[PDB]
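Here's the letter readout for the chains.
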Protein chains: 2
Amino acid sequence: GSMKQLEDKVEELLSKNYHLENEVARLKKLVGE
Amino acid sequence: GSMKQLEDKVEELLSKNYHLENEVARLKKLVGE
C-alpha cells in the first residue's frame, strides 16, 4: 500500500495544525488576561 | 492523477502548521514583552 499512508499522513498534519491552532488560542488569554 | 494531489496536499498542511507555529511564536512576545 501507499495511498493509505498519505491518507493517514494528511490526517496527522490536519491534527497537527488543529491542535497547534488551539495553542495560539491559549496564548490569546495569556495576552488578554 | 491522484497521488500527486496528496503530495501537494500534505505539503500544503505542512505549510499551514509551519506558518501557524510561527504565529504561536509571535504571541510569545506579546506575552513576554
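What counts and what doesn't
- Residues numbered from 1 in each chain as written, not as in the entry; some residues may be left out.
- Chains lettered and ligands numbered in written order.
- Heavy atoms only, no water.
- Contact = heavy atoms within 4.5 Å.
- Salt bridge = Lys/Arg side-chain N within 4 Å of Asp/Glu carboxyl O.
- Polar contact = N/O pair within 3.5 Å; in protein donor to acceptor, adjacent residues only side chain to side chain.
- Nonpolar A, V, L, I, M, F, W, Y, C, P; charged D, E, K, R; others polar.
- Helix = DSSP H or I, 4+ residues; strand = E, 2+ residues; numbered from the N terminus.
- Axes fitted to C-alpha atoms, helices over the stretch in contact; angles between N-to-C directions.
- Parallel < 35°, antiparallel > 145°, perpendicular 65-115°, else oblique.
- Left-handed = near helix turned anticlockwise from the far one by under 90°.

Solution NMR is the method the PDB entry lists for this structure.

The deposited PDB record carries the title "GCN4p pH 1.5".

Draft legend 1. Up close: the interface of chain B and chain A. Contact residues are listed per partner, giving 17 residues for chain B and 17 residues for chain A. The tally of links from chain B across to chain A stands at zero salt bridges. Remark: the boundary between chain B and chain A carries zero residue pairs in polar contact. For the side of chain B that touches chain A, the per-class residue count stands at ten nonpolar, two polar and five charged.

Draft legend 2. Highlighting the pattern of salt bridges. Residue and element names in this part refer to chain B. Under the criterion given, the structure shown has two salt bridges over all chains. Between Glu 23 and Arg 26 there is a salt bridge, with the nearest N and O atoms lying 3.3 Å from each other. Of the two residues, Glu 23 and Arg 26 are both situated in helix α1 (residues 3-32); the distance of three residues between them amounts to about one turn of the helix.

Draft legend 3. Main features of the environment of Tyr18(A). Looking at the element boundaries, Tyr18(A) is found in helix α1 (residues 3-32). Spatially, the C-alpha atom of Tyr18(A) lies 18 Å from that of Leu6(A), the residues being twelve residues apart in sequence.

Draft legend 4. Structural context of the packing of α1(A) against α1(B). Where α1(A) contacts α1(B), the axes come no closer than 9 Å and their chain directions differ by 15 degrees. What the angle tells us is that α1(A) and α1(B) run roughly parallel. In this structure, α1(A) meets α1(B) at a crossing whose hand is left-handed. Of the residues that constitute the contact of α1(A) with α1(B), the class distribution is 20 nonpolar, two polar and ten charged.

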